[PDB]
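K.L.:
experimental coordinates for this protein are included below, preceded by the sequence.
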Amino acid sequence: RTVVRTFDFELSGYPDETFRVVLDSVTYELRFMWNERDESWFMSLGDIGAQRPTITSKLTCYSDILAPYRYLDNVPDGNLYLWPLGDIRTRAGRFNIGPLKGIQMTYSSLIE
Amino acid sequence: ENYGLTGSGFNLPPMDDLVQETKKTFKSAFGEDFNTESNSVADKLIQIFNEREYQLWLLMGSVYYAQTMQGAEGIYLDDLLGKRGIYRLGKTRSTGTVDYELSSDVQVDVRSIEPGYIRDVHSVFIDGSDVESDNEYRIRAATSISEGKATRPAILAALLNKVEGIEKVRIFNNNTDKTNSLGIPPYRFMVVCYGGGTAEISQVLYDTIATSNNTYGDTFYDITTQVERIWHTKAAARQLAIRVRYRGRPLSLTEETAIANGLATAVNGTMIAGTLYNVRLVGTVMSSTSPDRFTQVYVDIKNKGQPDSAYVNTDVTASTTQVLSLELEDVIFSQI
Amino acid sequence: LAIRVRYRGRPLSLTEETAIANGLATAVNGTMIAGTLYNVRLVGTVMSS
Amino acid sequence: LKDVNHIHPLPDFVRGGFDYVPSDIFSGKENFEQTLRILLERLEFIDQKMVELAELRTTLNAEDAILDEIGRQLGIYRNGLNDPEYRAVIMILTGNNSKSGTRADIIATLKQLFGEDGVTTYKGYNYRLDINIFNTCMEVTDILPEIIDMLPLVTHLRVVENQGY
């Protein structure tokens, strides 16, 4: 399953960010919510103007977020991962997500 | 204390009770002479807070139920079996033999161009396979996967994942000094499989057995890396027939299909050289349909082509190289 | 009624017979006069719980 | 310096919220406090049980009433096993999926069932292997079937159990 890096993300730290992104020539809308007690980011994925999000999950490092969901016509077939740029023991935080902040959220697409 | 997870199950308090002790404790702080009857201002306030609180209990119960095997539905089903490390399949493509395109270059096979469901008849191929539904998804979860080697579960796991066309497999062990009752030479073990190729399973076996070729079987195939050979066997060799007798309210036509197909699963799932128990067959009929439909039940088993007088109700087994199988044009229903 | 169960298999452990015992609670659901055990039903229940 | 597992009862839940009384306007009136305390303390119970709903579902502490559910997902049925050893078999079979049956490996799996010094293993020339038990805490006959499974395809095994050396 050859895959190539094709997109990177950044977060400003606002607890209720929402924006639209284009992946594999298809367009999706994303929502990020910050959880206080669990100090983690909650990601919701869905179609543009959809009544409810298609997928909701909790973000973690080195875990394949989309693994159990590559069976729907509206879910990207690529790979979405979070891995750190600094010390390997650093876990995902609020302000430490970005191309140079410490954590590299990235999307990669299979070659077809 | 009787609320929440308790080992015996999960208990949810109804709406009414939560009000009762809330008023009771609330009354305790101000004495009996404190109006709390219907439509009273104090009662109205209590109801609002308890209703908001009650949703919390309901949410907790739903979360617990959503994660149990019985209550798994839709996406929630995917997450639960996802925890095991396996995921449902997607749009699958047909395979043919010399809309379609060649699978690879050829010289002195066939692959479908379309992404999914699909020009599929002899003398004009695997059709269908659009989305892998929950029912078969539950079935596919019955298997197991591991990276182990040299151990009995490891051998079984690898074969069912790598050998194409494999459907069943079993292993017999003779770890003693003298030949067993099955004639296996001492300090050797035998592998019997149903379906699959011959020069491929050997390759798979070589990569997963210990560095001591203890295989034994009917047929061999040499391999090299130094040269050695691996043994195995093939069983197939049985088809059954079934009749059922019952007393009560006839089962129309739809139920017989529900009863008949259900039985085919239990018989088919039997292990190689296994045994069928008449009691188990009865139990399936009592569970593939709603209870309270029969007063008596009997099942009779015979091999295809045998005379009707050959029907028997005793338990039946199979030889070492036999596999039990059942199909349609079978399962003769009747009313006593 | 007094009911005795006999079987062939692995020995059942204590506190595992509770499910079977409570499973036979269906025997208390018979109707007046028109109550027939249909022991086949009992066999099904004991093999279900 | 901090625990990674954030699922814990909220420390001093009750005094919080009371901290949101604006300027001690009501404090010391003993009529509003009781009304607020009675309502808040109800959340205490619910907040506490939120943990056990997650803590108790782990295989380490799961009680038999629900441990069966965990085993059911893995295909390991209770059969006649009792709670203390039913936990053991679940661990043993699950751990078998990443094993190779080496001498060092076999010692590791037996290590979890008999303490540090409770087990030893002799080896023989012609496929002979021996297992020795010194400090068993559970009945072994019911555990025996698994002890065979994680061994090479051609092992020849003896089992002897005793208390102490």
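P.N.:
Happy to help now that I have it. Numbers count the residues shown, from 1 in each chain, chains lettered A, B, ... in the order given.
K.L.:
quick one: neighbours of residue 62, just the number.
P.N.:
Picking chain A for this. Counted by other CB atoms under 10 Å in any protein chain shown, the residues lying close to residue A:62 total 9. Using the backbone N, CA and C atoms, a C-beta is placed for each residue, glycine as well.
K.L.:
oops, wrong one, chain B.
P.N.:
Residue neighbour count, defined by other CB under 10 Å, stands at 12 for residue B:62.
K.L.:
and it, that one's in a helix?
P.N.:
Yes - according to DSSP: H, G, I helix; E, B strand; the rest coil, residue B:62 belongs to a helix.
K.L.:
tell me how far it lies from residue D:118.
P.N.:
Distance, residue B:62 to residue D:118, using CB to CB, to the nearest Å: 45 Å.
K.L.:
cool, and residue B:301?
P.N.:
Using CB to CB, one gets 50 Å for the distance from residue B:301 to residue D:118.
K.L.:
so which of the two has more stuff around it?
P.N.:
residue B:301 (21 against 17).
K.L.:
contacts only, for the residue in the stretch 101-250 of chain B that chain A sits nearest to.
P.N.:
For the stretch 101-250 of chain B, the residue closest to chain A is residue B:131, as judged by CB to the nearest CB, at 6.6 Å. If you count contacts by CB atoms under 8 Å, 6 or more residues apart in numbering or on different chains, residue B:131 has them with A:71, B:88-91.
K.L.:
likewise residue A:81?
P.N.:
A:62-65, A:105-106, A:108.
K.L.:
so which of the residues you listed are in strands?
P.N.:
Of the contacts of residue A:81, the ones assigned to strands by DSSP state E are A:105-106, A:108.
K.L.:
helices and strands around the longest helix belonging to chain D, which ones?
P.N.:
For chain D, the helix that runs over the most residues, judged by DSSP state H, is helix D:32-55. Here helix D:32-55 touches strand B:4-5, helix B:15-28, helix B:41-66, helix D:15-18, going by 3 or more CB pairs under 8 Å, 6 or more residues apart in numbering or on different chains; DSSP states H and E.
K.L.:
check the gap between the closest residue to residue A:29 other than its chain neighbours and chain D for me.
P.N.:
Nearest-residue entry for residue A:29: residue A:20, 4.9 Å, with adjacent residues in sequence omitted and distances by CB to CB, 6 or more residues apart in numbering or on different chains. Distance of residue A:20 to chain D, computed by CB to the nearest CB, to the nearest Å: 31 Å.
K.L.:
tell me where chain A has helices.
P.N.:
Under DSSP H, chain A gives no helices.
K.L.:
flag every residue of chain A that's near chain D.
P.N.:
Selection of chain A residues close to chain D by CB under 8 Å from any CB of the partner chain yields A:37-39, A:91.
K.L.:
quick one: residue D:127 and chain C, what's the gap?
P.N.:
Distance check for residue D:127 against chain C: by CB to the nearest CB, it reads 30 Å.
K.L.:
and if you look at residue A:75?
P.N.:
Distance of residue A:75 to chain C, computed by CB to the nearest CB: 39 Å.
K.L.:
burial of that residue, as a residue count?
P.N.:
Number of residues near residue A:75 (other CB under 10 Å) recorded here: 16.
K.L.:
quick check: closest non-adjacent residue to it.
P.N.:
Distances taken as CB to CB, 6+ apart place residue A:69 nearest to residue A:75, at 5.1 Å, with adjacent residues excluded.
K.L.:
and that neighbour, how many neighbours?
P.N.:
A count of nearby residues for residue A:69, using other CB under 10 Å, gives 20.
K.L.:
that one and residue A:76 touch, don't they?
P.N.:
No - Residue A:69 lies out of contact with residue A:76 (CB atoms under 8 Å); the separation is 9.3 Å.
K.L.:
can you say which of the helices and strands packed on helix D:32-55 is packed in most?
P.N.:
Highest mean neighbour count of the helices and strands packed on helix D:32-55: strand B:4-5, a mean of 21 (counted as mean count of other CB atoms under 10 Å in any protein chain shown).
K.L.:
TSV please, covering the helices and strands packed on helix D:32-55 and showing distance to residue D:125.
P.N.:
As requested, those are exported to TSV (distance: least, CB to CB, whole Å):
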stretch	distance to residue D:125
strand B:4-5	54
helix B:15-28	72
helix B:41-66	55
helix D:15-18	70
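K.L.:
distance to chain A for the ones you listed - can I get that in JSON lines?
P.N.:
Formatted as JSON lines, those follow (distance: least, CB to the nearest CB, whole Å):
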{"stretch": "strand B:4-5", "distance to chain A": "19"}
{"stretch": "helix B:15-28", "distance to chain A": "25"}
{"stretch": "helix B:41-66", "distance to chain A": "13"}
{"stretch": "helix D:15-18", "distance to chain A": "13"}
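K.L.:
which residue, other than its chain neighbours, is closest to residue A:105?
P.N.:
What sits nearest to residue A:105 in space, not counting adjacent residues and going by CB to CB, 6+ apart, is residue A:9, at 4.2 Å.
K.L.:
er, residue B:334 I mean
P.N.:
residue B:245 (5.3 Å).
K.L.:
now the closest residue to chain B within chain D: how far from residue A:24?
P.N.:
Residue nearest to chain B within chain D: residue D:97 (3.1 Å; CB to the nearest CB). Distance check for residue D:97 against residue A:24: by CB to CB, it reads 35 Å.
K.L.:
tell me which helix or strand the residue nearest in space to the middle of chain D sits in.
P.N.:
The centre of chain D sits closest to residue D:60, judged by CA atoms, centre = their mean, with a distance of 1.1 Å. Here residue D:60, judged by DSSP states H and E, is contained in no helix and no strand.
K.L.:
in contact with the most far-flung residue of chain D relative to its centre, which residues?
P.N.:
Taking CA atoms, centre = their mean, the residue of chain D most remote from its mean C-alpha position is residue D:25, at 50.0 Å. Contacts here follow CB under 8 Å, 6+ apart; on that basis residue D:25 touches nothing.
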